[PDB]
Amino acid sequence: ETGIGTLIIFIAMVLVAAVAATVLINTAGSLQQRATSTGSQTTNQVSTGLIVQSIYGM
Amino acid sequence: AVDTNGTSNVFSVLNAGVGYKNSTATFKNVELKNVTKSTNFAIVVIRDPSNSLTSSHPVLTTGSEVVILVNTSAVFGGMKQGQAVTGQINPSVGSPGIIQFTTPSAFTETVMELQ
Amino acid sequence: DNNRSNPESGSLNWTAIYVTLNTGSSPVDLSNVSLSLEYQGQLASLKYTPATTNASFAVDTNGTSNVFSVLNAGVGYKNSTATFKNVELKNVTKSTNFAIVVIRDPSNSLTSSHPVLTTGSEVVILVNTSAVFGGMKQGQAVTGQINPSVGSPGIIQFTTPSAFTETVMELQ
Amino acid sequence: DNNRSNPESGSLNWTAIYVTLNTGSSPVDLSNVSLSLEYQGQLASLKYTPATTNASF
Ligand SMILES: *[C@@H]1O[C@H](CO)[C@H](O)[C@H](O[C@@H]2O[C@H](CO)[C@@H](O[C@@H]3O[C@H](CS(=O)(=O)O)[C@H](O)[C@H](O[C@H]4O[C@H](CO[C@H]5O[C@H](CO)[C@@H](O)[C@H](O)[C@@H]5O)[C@@H](O)[C@H](O)[C@@H]4O)[C@H]3O[C@H]3O[C@H]([C@@H](O)CO)[C@H](O)[C@H](O)[C@H]3O)[C@H](O)[C@H]2O)[C@H]1O
Ligand SMILES: *[C@@H]1O[C@H](CO)[C@H](O)[C@H](O[C@@H]2O[C@H](CO)[C@@H](O[C@@H]3O[C@H](CS(=O)(=O)O)[C@H](O)[C@H](O[C@H]4O[C@H](CO[C@H]5O[C@H](CO)[C@@H](O)[C@H](O)[C@@H]5O)[C@@H](O)[C@H](O)[C@@H]4O)[C@H]3O[C@H]3O[C@H]([C@@H](O)CO)[C@H](O)[C@H](O)[C@H]3O)[C@H](O)[C@H]2O)[C@H]1O
Ligand SMILES: *[C@@H]1O[C@H](CO)[C@H](O)[C@H](O[C@@H]2O[C@H](CO)[C@@H](O[C@@H]3O[C@H](CS(=O)(=O)O)[C@H](O)[C@H](O[C@H]4O[C@H](CO)[C@@H](O)[C@H](O)[C@@H]4O)[C@H]3O[C@H]3O[C@H]([C@@H](O)CO)[C@H](O)[C@H](O)[C@H]3O)[C@H](O)[C@H]2O)[C@H]1O
Ligand SMILES: *[C@@H]1O[C@H](CO)[C@H](O)[C@H](O[C@@H]2O[C@H](CO)[C@@H](O[C@@H]3O[C@H](CS(=O)(=O)O)[C@H](O)[C@H](O[C@H]4O[C@H](CO)[C@@H](O)[C@H](O)[C@@H]4O)[C@H]3O[C@H]3O[C@H]([C@@H](O)CO)[C@H](O)[C@H](O)[C@H]3O)[C@H](O)[C@H]2O)[C@H]1O
Ligand SMILES: *[C@@H]1O[C@H](CO)[C@H](O)[C@H](O[C@@H]2O[C@H](CO)[C@@H](O[C@@H]3O[C@H](CS(=O)(=O)O)[C@H](O)[C@H](O[C@H]4O[C@H](CO)[C@@H](O)[C@H](O)[C@@H]4O)[C@H]3O[C@H]3O[C@H]([C@@H](O)CO)[C@H](O)[C@H](O)[C@H]3O)[C@H](O)[C@H]2O)[C@H]1O
Ligand SMILES: *[C@@H]1O[C@H](CO)[C@H](O)[C@H](O[C@@H]2O[C@H](CO)[C@@H](O[C@@H]3O[C@H](CS(=O)(=O)O)[C@H](O)[C@H](O[C@H]4O[C@H](CO)[C@@H](O)[C@H](O)[C@@H]4O)[C@H]3O[C@H]3O[C@H]([C@@H](O)CO)[C@H](O)[C@H](O)[C@H]3O)[C@H](O)[C@H]2O)[C@H]1O
Ligand SMILES: *[C@@H]1O[C@H](CO)[C@H](O)[C@H](O[C@@H]2O[C@H](CO)[C@@H](O[C@@H]3O[C@H](CS(=O)(=O)O)[C@H](O)[C@H](O[C@H]4O[C@H](CO)[C@@H](O)[C@H](O)[C@@H]4O)[C@H]3O)[C@H](O)[C@H]2O)[C@H]1O
Ligand SMILES: *[C@@H]1O[C@H](CO)[C@H](O)[C@H](O[C@@H]2O[C@H](CO)[C@@H](O[C@@H]3O[C@H](CS(=O)(=O)O)[C@H](O)[C@H](O[C@H]4O[C@H](CO)[C@@H](O)[C@H](O)[C@@H]4O)[C@H]3O)[C@H](O)[C@H]2O)[C@H]1O
Ligand SMILES: *[C@@H]1O[C@H](CO)[C@H](O)[C@H](O)[C@H]1O
Ligand SMILES: *[C@@H]1O[C@H](CO)[C@H](O)[C@H](O)[C@H]1O
């Protein structure tokens, strides 16, 4: 009967959907750390600087 | 270690008692430093509304928060300036937590935020 | 500042933080809120404990001439023979906990047992600085966060003035 | 909630559940219907009793 064949494919459908879910989570986690670090590094880059007061010679 | 009532210093839990040196001991006189080595990490509880976290069964539930302490001087022999650190916290079931940071160019203060 | 006669050689003994909710936010229970602070190689984690009596809680919705006068406010009784509340707010606020002082409460959602922050409400968090750090000094960096159970945290970041010239100072 | 004056320190005293049939379904008698609930280590089994008078209807 059709009942047996339906159950077999059902298991396969669940496993496939889990794979595509894993890709999206892993990619978002990788891009999270890069975007956070870039923002913090740029903030330090703009604000920091050195200034010359006076120059003397002998 | 349990520290849910609040603390003035987090890094003070290193002196906290975990066990007894002898059977004649009145109080827990084995410190947390002595059991934390190069292969293991320590768990410090911050919040547990469900009371699900114990030493025998450290089960993390909804609304709970923990601190993981790593003896860096034992594992790597001290982390240095301007070095990249990458890692993961892998559970048995679920998606992992991501650790990625670069250590500051110059250590100017005692306690620093990394990530 | 802890010195009134000469504030120049003084240190900070009390700190007050004004906290509100964000626009279009769900209610937040302050009992599940943890406060982090970093000062001179010391990372603190402070927590409020709800109680019916002897709780670090004060109501000041009708207005006040001094905010720092709620330290003398009664929270509990010494014994059974007390006619009025004679246990002060100073005696309960220590090095592990913070106090909650209500400024605005339109819907009456804030209690000592259940401190629930709603839309339009405002609270002041008092920290005993002389207990936690032992007094904050001149030209020092303070960094911390107010972490709820659900939601986005509030950021604390300021540097203490180079010289304390007055008794009450604005930091952030 | 059971407290009107201060709902913060209150608890739920009554619960209402809206129930309909599915599309293209045969009639269901509610007298033969059993309701299960699980809360804090307590498994309940509730049942309606039909009556002419003194019935919860
Ligand atoms: C806030 O900030 C201020 C300013 O920065 C202070 O730091 C203050 O701390 C308090 O300081 C005072 C004064 O130092 C302390 O009170 C003192 O307690 C001592 C007890 S102890 O010895 O066990 O430590 C002494 O009893 C002090 O008395 C001393 O001073 C007397 C006066 O000395 C003056 O003499 C001549 C003028 O006549 C002058 O040339 C000098 O330069 C000097 O000023 C002296 O007779 C005693 O023999 C002894 O040495 C005591 O100070 C007392 O006097 C001061 C003030 O007059 C001094 O100018 C002040 O009123 C005090 O209230 C008073 O008790 C106190 O312990 C600290 O808390 C911060 O809170
Ligand atoms: C819904 O939620 C709310 C809020 O969370 C409550 O929990 C409520 O439960 C009800 O609580 C009230 C108050 O606790 C209960 O009524 C009380 O019944 C008692 C009988 S018993 O002793 O056998 O248990 C007493 O008769 C209570 O009277 C007490 O309080 C009087 C006032 O105390 C105040 O005094 C000063 C101001 O003057 C202030 O500084 C204090 O902080 C304090 O508020 C006092 O004179 C009495 O000696 C006695 O100690 C009685 O409470 C009565 O008063 C309250 C309210 O004014 C207090 O602020 C209220 O109107 C009550 O209606 C009233 O009866 C009740 O049993 C609970 O059901 C939840 O339903
Ligand atoms: C410029 O920016 C950099 C980031 O791009 C970085 O922040 C620089 O700061 C420097 O950071 C490094 C850490 O990587 C540190 O240098 C190390 O210093 C200690 C000695 S200590 O006294 O400071 O504690 C360490 O022992 C290493 O010194 C060795 O090498 C030098 C030669 O350069 C020699 O004089 C010493 O005797 C000693 O042998 C040094 O680490 C470097 O060497 C290692 C290994 O070879 C060690 O075996 C690695 O190659 C590493 O990449 C090197 O950094 C300092 O704290 C700081 O200068 C910033 O200047
Ligand atoms: C941090 O540093 C501070 C340095 O600025 C300070 O040292 C803090 O400690 C606090 O010290 C003050 C005294 O300076 C104390 O405040 C007084 O407390 C009593 C409580 S009691 O049990 O001893 O009675 C009382 O609440 C006083 O208030 C009176 O005065 C006000 C205003 O005039 C009025 O509502 C009432 O009359 C009331 O009785 C309070 O003292 C204040 O008032 C005086 C004078 O006006 C009195 O004539 C001074 O102006 C003083 O500065 C005021 O504080 C605190 O108990 C203590 O915490 C430290 O934490
Ligand atoms: C937090 O900690 C605090 C210490 O850091 C403190 O303990 C706070 O509690 C407060 O304690 C004071 C006592 O120190 C209480 O005030 C007193 O109240 C009693 C009421 S009774 O029912 O117990 O009798 C009484 O009214 C006291 O008055 C005395 O003094 C006056 C004047 O000299 C006299 O007319 C009376 O007959 C009586 O003897 C009162 O204490 C005050 O007076 C003393 C001394 O002068 C006594 O010799 C102190 O100056 C004190 O500061 C005054 O308050 C408070 O009720 C309580 O809040 C705690 O919260
Ligand atoms: C679960 O928790 C609840 C907390 O919110 C609550 O405690 C529940 O208990 C219930 O308590 C309410 C009172 O708050 C009772 O309701 C009243 O019951 C009487 C029955 S009688 O036999 O005593 O007469 C009556 O039905 C009242 O209805 C009147 O008011 C409505 C609307 O104004 C109107 O149709 C009629 O005039 C009618 O007589 C009813 O009280 C309600 O109305 C009042 C006021 O408006 C009256 O002026 C309040 O608004 C109140 O909140 C209303 O409930 C229940 O008997 C009891 O189960 C607990 O189960
Ligand atoms: C809030 O904080 C305050 C201050 O920190 C208290 O800790 C308070 O707890 C209360 O403490 C008092 C004192 O320890 C308790 O009162 C005792 O108990 C009885 C009353 S009852 O419990 O039986 O109803 C009595 O009043 C006792 O008094 C006796 O001792 C005194 C000596 O001080 C003496 O005068 C007499 O012999 C008298 O009989 C008292 O010890 C109270 O139960 C606590 O609630 C906290 O709520
Ligand atoms: C903020 O932080 C500071 C630290 O920087 C404090 O922790 C402060 O809390 C206060 O602590 C002091 C203790 O130092 C408390 O003062 C005590 O009050 C009791 C009253 S009761 O609690 O017993 O009811 C008492 O009056 C104490 O006095 C005793 O000790 C002195 C010695 O100093 C002695 O002379 C007396 O005879 C008596 O034995 C007193 O020390 C204060 O209540 C707290 O607010 C925090 O707010
Ligand atoms: C503020 O005022 C109201 C009346 O408006 C009431 O008396 C409260 O007790 C007070 O806090
Ligand atoms: C309560 O305590 C006070 C002192 O705080 C005093 O001994 C009273 O007699 C008691 O009732």
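Neighbour counts run over all protein chains shown; Cβ positions are idealised from the backbone, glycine included. Laboratory data are not the source of any read-out in this text; all were calculated from the coordinates shown.
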May I ask you to verify whether A:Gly3 is exposed (fewer than 10 other Cβ atoms within 10 Å of the Cβ), more than 29 Å from the chain's Cα centre (by Cα) and assigned to a helix (DSSP H, G or I)? yes
Top-ranked residue of region C:69-86 - restricted to ones that are surrounded by 13 or more Cβ atoms within 10 Å (Cβ to Cβ) and hydrophobic (A, V, I, L, M, F, W, C), ranked as farthest from ligand 10 (Cβ to nearest atom): C:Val70
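Per-residue answers, yes or no, for (1) of a type in the set (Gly, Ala, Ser); (2) under 19 Å from B:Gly6 (Cα atoms):
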position	(1), (2)
C:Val116	no, no
C:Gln145	no, yes
C:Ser152	yes, no
C:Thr160	no, no
Given the conditions (1) among the aliphatic types (A, V, I, L, M); (2) touching a residue at least 24 places away in the same chain (Cβ under 8 Å); (3) away from ligand 4 (no atom under 16 Å from the Cβ), report the number of the one that C:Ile155 does not fulfil. (2)
Go through the residues of region D:9-24 one by one and say whether even a single one is at positive phi, surrounded by fewer than 10 Cβ atoms within 10 Å (Cβ to Cβ) and part of a loop (DSSP other than H, G, I, E, B). yes
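Yes/no per residue for (1) closer than 23 Å to C:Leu43 by Cβ; (2) more than 14 Å from chain B (Cβ to nearest Cβ); (3) surrounded by fewer than 17 Cβ atoms within 10 Å (Cβ to Cβ):
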position	(1), (2), (3)
C:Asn108	no, yes, yes
C:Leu117	no, yes, no
C:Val124	no, yes, no
C:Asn128	yes, no, no
C:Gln140	yes, no, yes
C:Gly144	yes, no, no
C:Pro153	yes, no, yes
C:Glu166	no, yes, yes
Going through region C:123-154 in order, the residues found to be closer than 20 Å to B:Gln115 by Cα, β-branched (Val, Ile, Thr) and touching a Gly at 6+ places or on another chain (Cβ under 8 Å) are C:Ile146
Scanning region A:24-51 for residues that are of a type in the set (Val, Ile, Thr) and over 18 Å from B:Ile99 (Cα atoms) gives A:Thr42, A:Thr43, A:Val46, A:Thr48, A:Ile51
Residues B:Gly63, B:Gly87, B:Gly97, B:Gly77: which one is away from ligand 3 (no atom under 16 Å from the Cβ), over 27 Å from C:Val28 (Cβ atoms) and not hydrophobic (A, V, I, L, M, F, W, C)? B:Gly87
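Report, by residue number, each residue of region B:25-34 that is in a helix (DSSP H, G or I) and exposed (fewer than 13 other Cβ atoms within 10 Å of the Cβ). Don't jump to the end; show me each part of the working.
The initial filter retains those residues of region B:25-34 that are in a helix (DSSP H, G or I), namely B:32-34.
The answer is B:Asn34, and nothing else.
Does region C:131-139 include one or more residues that are within 16 Å of ligand 2 (Cβ to nearest atom) and under 16 Å from the mean Cα position of the chain (by Cα)?
Looking for residues that are within 16 Å of ligand 2 (Cβ to nearest atom) and under 16 Å from the mean Cα position of the chain (by Cα), one finds none in region C:131-139, hence no.
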When region C:35-76 is checked residue by residue, the ones that are without any contact (Cβ under 8 Å) to a residue 60 or more places away in the chain, within 14 Å of chain B (Cβ to nearest Cβ) and not in a loop (DSSP other than H, G, I, E, B) are C:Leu43, C:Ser45, C:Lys47
Those residues of region C:87-99 which are crowded, with 19+ Cβ neighbours inside 10 Å, touching a helix residue (DSSP H, G or I) at 6+ places or on another chain (Cβ under 7 Å) and within 14 Å of chain B (Cβ to nearest Cβ) amount to C:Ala99
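Would you confirm whether or not region C:151-166 contains a residue that is within 16 Å of ligand 8 (Cβ to nearest atom) and of a type in the set (D, E, K, R)?
No.
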